[PDB]
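Written out below as C-alpha cells is the structure these notes cover.
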Amino acid sequence: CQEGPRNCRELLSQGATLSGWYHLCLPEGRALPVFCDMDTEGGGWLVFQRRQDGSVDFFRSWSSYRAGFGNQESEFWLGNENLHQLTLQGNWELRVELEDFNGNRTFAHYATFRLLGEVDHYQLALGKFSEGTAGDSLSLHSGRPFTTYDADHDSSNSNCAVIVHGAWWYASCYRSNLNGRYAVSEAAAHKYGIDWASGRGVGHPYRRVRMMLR
Ligand SMILES: C[C@H]1O[C@H](O)[C@H](O)C[C@H]1O
Ligand SMILES: [Ca+2]
C-alpha cells in the first residue's frame, strides 16, 4: 500500500460508519486487515483481540503471537508486530471489554498502550488506569516482556505460559490472562482461565472479551 487510512478514526471520518473489517496502511507501507468498531463509545476503535466461543486455540507459539492468528468472523489475536508497528506513533488508548456468563458487561480504560519491538520481547508500555467497572488488572503487567510456551521471559522460575496455558506479559504470573484457555461455563472453568483479577478474580473466567485501541 502506497497509502490509505492510518487508523479506524480516519476511516470513520471519511464515512465508513459500519463496524467491520477494513484495511489500514501501516507506517512501513504494508496493508493490514483490522476490525474497526465504529459504534461503541463514539467509534473509531481498533479491535485487536476478541474471545467469543472457544473456537480458536489461543495456546500458541512466539511466532504465532508475533504474526497474529484466528478467524475474522470470530476470535483472533491481531499480532504483536502489527501492534508494535501501529503503536510506534501516536497515543492509543486501551479499552478492555469483558462479559460474563450472565451477560453483565464491565470495562477498563488505560490512557495509552504501546508495545516495544521484538528485540525487547514486545514489552508492554501501558498508560495509567482512567476508569472501569472491571477494575485495574493490567497495571502489574506494564514494563513486562511478552512470554509464550516457547519463549519464557517472565519473572517466574517456571514458564508461566505453560503453567497457566496462554500468552501474556507474564510476571509470576498474572492479574489478567485474556489470551488464556476458553471455558464455556463456570462449571467448565479452569484453574487459570480468561481471568481479570480485579473483576471476577482468578479462576472465574469470562464468556466474551475484546481488547481495542483508539
Ligand atoms: C501461581 C499463580 O498464577 C497466577 O499468578 C494466578 O493469578 C495466581 C496463582 O495461582
Ligand atoms: Ca520464567
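Which whole-number percentage describes the relative contact order of the chain, with Cα contacts under 8 Å and a sequence gap of 6 or more?
19
Rank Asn91, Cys36, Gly15 by how far each Cα sits towards the positive end of the charge dipole of the stretch 1-135 (+1 on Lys, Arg Cβ; -1 on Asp, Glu Cβ) and give me just the farthest.
Working it through, the farthest residue towards the positive pole turns out to be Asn91.
Placing +1 on the Cβ of each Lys and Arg and -1 on the Cβ of each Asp and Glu in the stretch 135-207, which of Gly143, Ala161, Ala189 has its Cα farthest towards the positive end of the resulting dipole?
Of the listed residues, the answer is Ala189.
Roughly how many debye, to the nearest 20, is the charge dipole of the stretch 135-207 about its Cα centre, given +1 on each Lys and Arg Cβ, -1 on each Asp and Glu Cβ, and no other charges? The partial results should precede the final answer.
Details: 6 positive and 6 negative charges, 39 e Å.
The dipole of the stretch 135-207 has a size of about 180 debye.
Which one, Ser172, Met212, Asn71, projects farthest toward the positive side of the charge dipole computed for the chain from Cβ point charges (K/R +1, D/E -1)?
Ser172
Find the relative contact order for the stretch 135-207 and round it to a whole percent, using C-alpha pairs within less than 8 Å whose residues are 6+ positions apart.
25
Measuring from label point to label point, each 7 Å out along Cα→Cβ, what is the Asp120 to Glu73 span in nm?
Using points 7 Å along Cα→Cβ, the separation is 4.0 nm.
Take the Cβ-Cβ distance between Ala187 and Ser63 as r, set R0 to 35 Å, and report the resulting FRET efficiency rounded to the nearest 0.05. Mind dumping the intermediate values first?
On the way: r = 34 Å, r/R0 = 0.98.
With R0 = 35 Å, the Cβ-Cβ based efficiency is 0.55.
I'd like the distance between the alpha-carbon centres of the stretch 30-53 and the stretch 76-111, rounded to an integer number of Å.
9
How large is the charge dipole for the chain, taken about the Cα centre, if only the Cβ atoms of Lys, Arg (+1) and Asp, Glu (-1) carry charge, to the nearest 20 debye? Write out the running numbers ahead of the final one.
Details: 20 positive and 24 negative charges, 45 e Å.
Result for the chain is approximately 220 debye, rounded to the nearest 20.
Given a Förster distance of 25 angstrom, what is the FRET efficiency for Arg6 paired with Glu93, based on the Cβ-Cβ distance and rounded to 0.05?
Numbers: r = 16 Å, r/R0 = 0.63.
After rounding, the FRET efficiency stands at 0.95.
Under unit Cβ charges (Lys, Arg +1; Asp, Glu -1), what dipole magnitude, rounded to 20 debye, does the stretch 84-153 have relative to its Cα centre?
Details: 5 positive and 10 negative charges, 49 e Å.
Roughly 240 debye for the stretch 84-153.
Every residue, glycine among them, receives a Cβ derived from its backbone with ideal geometry; neighbour counts consider all protein chains shown. Laboratory data are not the source of any read-out in this text; all were calculated from the coordinates shown.
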